[PDB]
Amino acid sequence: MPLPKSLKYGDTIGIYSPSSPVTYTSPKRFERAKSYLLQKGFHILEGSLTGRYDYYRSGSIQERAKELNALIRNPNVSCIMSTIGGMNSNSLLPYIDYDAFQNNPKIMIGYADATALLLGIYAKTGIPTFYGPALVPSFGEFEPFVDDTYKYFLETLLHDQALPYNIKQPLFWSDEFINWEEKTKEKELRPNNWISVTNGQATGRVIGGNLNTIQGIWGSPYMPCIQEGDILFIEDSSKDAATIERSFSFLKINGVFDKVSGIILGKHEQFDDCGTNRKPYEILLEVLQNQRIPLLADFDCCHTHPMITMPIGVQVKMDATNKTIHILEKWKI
């Protein structure tokens, strides 16, 4: 497994907008996010589409691919981070310079729609990528949560890590819908718990990301093939019960649950239960139909705050019963 170099203070983080033009539509949170990382001691290299607006997206398919490729090809950039998600990252996949990435591996990080690029790069190059902070939603967050997200960010990308790296459960979380551009209030601290939905243990390569986004790359050369023993990691956000039942069944009929040895389900930001008062793992439970797969839910790697940074494509040990996650193989130098 070829690995990216650890982040170091003084390094340059290159940012790009593969989908929504957030640097145009949310300039205050964008500037706040840049300033936050600059103060920590990282430089920011703004991609070529920063500040541009093409309505639902930052620019054309070709322009977006060029923005990302310029960062991949830049030897001065140690980390490539999406500004935010959207719907349209998968449009870039045919045009990405995977050979340039494989020849000099970098840290590739982000979440939600950026899953298309995280998984595509992993599928094409075999280099682990990272489900974690996007610049504007994650680092543009006000105190206190941004500081917890940052701690996880350093733990995975910067710290010399004694293995196994036990991913520690944050004490509090929030999916509260406020304080986007300007801080009007204080976010309620939700006491936190991971859920032991189905007891057991699994070890294998972790694969996954945003499930809604995965259905946009499924079956293509850019979706890594799920293998027997893999641990499936999935999260969704701001969907309703109908939508996630379809996504869960999509996995079911593709025979994914006949393959994976365990499941980690993220919290679901602003979930719409359609009046059923059922939680997402419950809907997943119906789809599974009493197939015993260890299942740990409400994992904090998703649209809720704070956010863990998770390596994708490396061996992991999940213990749903004892509610632990350990990274058992090196994801960086």
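Counting begins at 1, following the sequence as shown.
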query: Average Cα temperature factor in the PDB entry - higher stretch of 191-199, 247-255; finding: 191-199
query: Per the entry, higher mean C-alpha B factor between 121-129 and 202-210; finding: 202-210
query: Maximum C-alpha temperature factor, selected from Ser17, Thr25, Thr12, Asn322; finding: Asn322
query: Top residue by Cα temperature factor, when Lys151, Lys183, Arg73, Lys106 are compared in the entry; finding: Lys183
query: Ranked C-alpha temperature factor of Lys5 among modelled chain residues, by third; finding: middle
query: Chain third (lowest, middle, highest) by recorded CA B-factor, residue given as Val260; finding: highest
query: Third assignment of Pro224 from its chain's C-alpha B-factors; finding: middle
query: Third assignment of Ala162 from its chain's C-alpha B-factors; finding: highest
query: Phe145 - which third its CA temperature factor falls in, relative to the rest of the chain; finding: lowest
